[PDB]
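Here my numbering is used: the first residue of the sequence shown is 15, the next is one more, and so on. Built from N, CA and C at the ideal position, the CB exists for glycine as well. Since the structure comes first, as structure tokens, the remarks are kept for the end.
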Amino acid sequence: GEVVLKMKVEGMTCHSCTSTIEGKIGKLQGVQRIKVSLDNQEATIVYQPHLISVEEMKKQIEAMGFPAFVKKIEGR
Ligand SMILES: [Cu+]
């Protein structure tokens, strides 16, 4: 099975930033599911620990401008 990463995000309080990241991340060869929230300012990224990595996720996310605190590995 895949692995869930939970990253707290700041500032992302609209559907645009979140959707944009959802698309961009969705594009990457190795992600399986993604759940970027805004309300509770937190981003779920669900990827396969082989194809892509935390750093790809964050580096690509942070690169947009949105700082993110990737620190939960609650896979199932
Ligand atoms: Cu936004």
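Counting only unbroken stretches of 4 or more residues, the alpha helix (DSSP H) elements lying wholly within the region 31-89 are 68-78, in sequence order. At a threshold of 7 Å, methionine 21 does not count as near ligand 1, since its beta carbon sits no closer than that to any of the ligand's heavy atoms.
The Cβ-Cβ distance between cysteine 28 and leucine 52 falls below 8 Å. Placement of the Cβ of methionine 78 at a distance of 7 Å or more from every heavy atom of ligand 1 is found. Judged by their CB atoms, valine 17 and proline 63 are nearer to each other than the 8 Å cut-off.
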